[PDB]
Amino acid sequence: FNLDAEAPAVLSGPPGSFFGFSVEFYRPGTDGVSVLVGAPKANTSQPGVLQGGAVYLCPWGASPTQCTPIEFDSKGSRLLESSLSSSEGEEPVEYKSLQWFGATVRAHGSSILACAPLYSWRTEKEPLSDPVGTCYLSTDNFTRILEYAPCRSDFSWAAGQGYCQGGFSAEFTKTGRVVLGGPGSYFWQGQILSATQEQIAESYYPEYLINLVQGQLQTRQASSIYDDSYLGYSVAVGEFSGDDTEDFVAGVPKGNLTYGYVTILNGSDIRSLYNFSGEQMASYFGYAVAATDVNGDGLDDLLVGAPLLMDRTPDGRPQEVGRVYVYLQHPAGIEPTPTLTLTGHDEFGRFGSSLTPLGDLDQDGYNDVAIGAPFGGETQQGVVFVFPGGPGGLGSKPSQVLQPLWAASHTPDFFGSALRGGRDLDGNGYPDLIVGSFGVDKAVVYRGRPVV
């Protein structure tokens, strides 16, 4: 309730760039603190590349912020090395146009991970259009830049990892290990893949397109009955296995006959630890997931969004509203039944499309959470709800409701479709919250302040 909603900072990118589609905090040190903003439809100077997408670096400080693109990749497509002879002349081996670079943006320390889940390539064998996805990783204050496309492998096409779209979702662990979701692997079974930054750097060679990282962790191909599950549609990280190695939370929103489920994987050997099931066909349970201790006992708790969840009003009318489920971790494990649920109230609002830990906004000993409903509000511009933590979990009522102060346009704002909280930008001891509104190419930064 102590977010400064009257006077947020508004960041603006190129129109039509989907600036705000993904947002993140960057803090090598607090001195170089900044906001990162993905703009996956941005045009770049990469030769031959149309709407390659960009990531913007927005310095934080006293003066009005101005954002600039980060140069992860200034080149166009590499060439099929066998083509430069032939007769057809040069042929690209990869396809960077419309790749949505910046669709996902994450940072840990002085490292930044940016993904292009619609990046595709030819393979060097028979010509395909495999959207394997790719990521770029800048490390050590932009001094070194690595590409990581673990689904760009020797197993091609939809039967293999050709349609993986690795980086569709992504997160860093507390140690900086990279965790990627790729929902397209093995006829859309989906896949989680993970490697340390050292492993990625150790085997990075832009000469070769297939850069097998040794020691990589990845989920295994399953039988056909698991096809079209979209494991890795979303991912988060938290500790659910009792040790000091963060585990992988992953949405499987089309699993089990489209009822969906969410899985937690052991962060040491990526083996399955827990599943949590959706309650309604095609509610998209696992559209978004989050992990954070919301009741102060030091155990990470699970949050899952199902933004298409349909309920019935008292007078018998079905309505799409969306729902978020919370599962509290206990020392003996985690129960499969939700501890509590929160249901949206705006029809078609897509409550639960995005989730973020806020840390402890009011400093009462309990961490709080923000939940987006990108089409909520009276003019369907979108809304972000703040819910307080507490000894029994989250409150049933929002403690703050955030809404864009600008007027609606002819197209949706998507306010609250992207969220990032739980970091302190200005360092006033209060956590701050970044909200994307990519429909109008904006991102909003809310500062936490002392309030009673």
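So that there is no doubt, residue numbering starts at 1 and follows the sequence shown.
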Checklist entry - Among the other compared PDB entries, is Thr173 dropped in a third or more? => result no
Next on the checklist: Is it the case that at least a third of the other compared entries omit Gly390, given both of its neighbours are modelled there?
Outcome noted: no
Next on the checklist: Tell me which stretch has the larger mean Cα B-factor in this entry, 278-286 or 234-242.
Outcome noted: 234-242
Checklist entry - Averaged over C-alpha atoms, is the B-factor higher for 402-410 or for 46-54 in this PDB entry? => result 402-410
Item to check | Largest Cα B-factor, entry values, listed residues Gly267, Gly160, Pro338, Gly322 | outcome: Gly267
Item to check | Out of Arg350, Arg317, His345, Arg106, residue topping the C-alpha B-factor column of the entry | outcome: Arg317
Checklist entry - In terms of the CA temperature factor given in the entry, to which third of its chain does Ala39 belong: lowest, middle or highest? => result lowest
Next on the checklist: Could you place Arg152 in the lowest, middle or highest third of its chain by Cα temperature factor, using the values in the record?
Outcome noted: lowest
Item to check | Assigned third (lowest, middle, highest) for the C-alpha B factor of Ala418 | outcome: lowest
Next on the checklist: Sorting by Cα B-factor within the chain, modelled residues only, which third would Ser224 end up in: lowest, middle or highest?
Outcome noted: middle
Checklist entry - By its CA B factor, does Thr123 count among the lowest, middle or highest third of the modelled residues in the chain? => result middle
